[PDB]
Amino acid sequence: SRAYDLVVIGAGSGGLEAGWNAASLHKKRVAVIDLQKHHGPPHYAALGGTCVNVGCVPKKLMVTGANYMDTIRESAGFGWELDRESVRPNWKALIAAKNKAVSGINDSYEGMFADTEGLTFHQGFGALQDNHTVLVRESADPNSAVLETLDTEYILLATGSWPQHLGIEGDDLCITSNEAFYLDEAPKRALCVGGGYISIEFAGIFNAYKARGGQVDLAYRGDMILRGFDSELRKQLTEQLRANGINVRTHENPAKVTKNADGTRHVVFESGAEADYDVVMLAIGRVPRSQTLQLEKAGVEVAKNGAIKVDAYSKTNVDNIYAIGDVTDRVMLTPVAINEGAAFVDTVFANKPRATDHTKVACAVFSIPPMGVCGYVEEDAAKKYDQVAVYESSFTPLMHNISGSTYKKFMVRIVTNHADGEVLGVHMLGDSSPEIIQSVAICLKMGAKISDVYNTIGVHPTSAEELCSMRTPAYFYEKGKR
């Protein structure tokens, strides 16, 4: 058996930051464990994690592909002539290009290991024996061949999460985002089940690569898609997805999925509504991946959902064992998991305890059109503050008066503490909003006030200068109002 300072189980966004930082900057002997080295089936994620293999990186490439549907249509207004009846998308080419890109990054991570002192990769399933030794086995099965036993001082769990499935009749006929990245054919008709951002992102990808006459339906249990986002922005996004032809079936949930003779799936909705689809993708949530780790043999314990309970510095109850990223169920985004992996190495190896601030974290939804969002939604702000002011504007860019997509309203909403003037949250809908929100997030982790925003001079013509053009509140909340 070998002796290590650290064993990282999971070589994703968090574990690879942590392991690399511990080995190079702190000259520690570190083992990182993951299931496989190259992206794809059987385990989908691999070296580099979910984001690089089956997450942020392939989905942004595929959403960029999807946007060309609207740009080739919108170019006509600006005088571009082409035979538009000949245009045909080519899913196969998109996936071949995407896989080339993702494998490039995988080969880069292998290089990274050859370049560094005490960092070794170990391929297999990590499971805990006791709080000081982790087993690398042949499969998730507890009775599989144990390949290696690693003796350690500190253990770091960073196994991520996995797609949540529906407990329904014919769940087995449904795919998740994982299989969606390797689909051989673009579906003609497809159902994305779920109201979250992964559902909405894929619905816009399938909508663009479908055969014309095809259809993509987005079915969600609640009233408006995208819980946790600004309610006005959720309302306008819905209509803009509908305007681009996807059918948002609100208050619909699968009940039965049955395979038809010709491979297609037949689905019975909870309303007794029925429809047939080439693909049914569940995008209903992500659960902490912790079940197989045998945490119990080391005394570390979980929450009901599988989340590993951790204090602010990422320490679990057994002290030499820490946990970061999606398995921790704090904020499930790559920059947060990376930040936590770095903070952990200052805390145990540099012995400077850094806790990661999961507050005012900005994020985006690469839907068509996209959203960039940071801080508080007004309902939450109005529960915590006395005087909340909501500022809002909407405009159709002059541009879309000429492209013909007049339904593309840019919307910006800013929530303030009206006593203070401190900007509590900024929520944007429209193109470039993911680019624009990163800088606004610096303004908010700095404590800007609405006077800071309208005293800056605008850069013209941009959509972003609206941020600097809003001075009168639309309405306020003194516990309530609207």
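All residue numbers are counted from 1 along the displayed sequence.
Higher mean CA temperature factor, per the PDB entry, when comparing 279-287 with 254-262: 254-262. Relative to one another, 464-472 and 21-29 have unequal mean CA B-factors, and 21-29 is the one with the higher figure. In the PDB entry, the Cα temperature factor peaks, among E81, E138, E201, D326, at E138. Note on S405, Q387, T152, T359: the highest value goes to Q387, judged by CA B factor as recorded.
Among all modelled residues in its chain, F366 ranks in the lowest third by Cα B-factor. Per the deposited record, the Cα B-factor of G160 falls in the lowest third when ranked against the other modelled residues of its chain. Ranked by Cα temperature factor within the chain, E85 sits in the middle third according to the deposited record. Per-chain ranking of the deposited C-alpha B factor places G299 in the highest third. Among the modelled residues of its chain, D115 has a C-alpha B-factor that falls in the highest third according to the deposited record.
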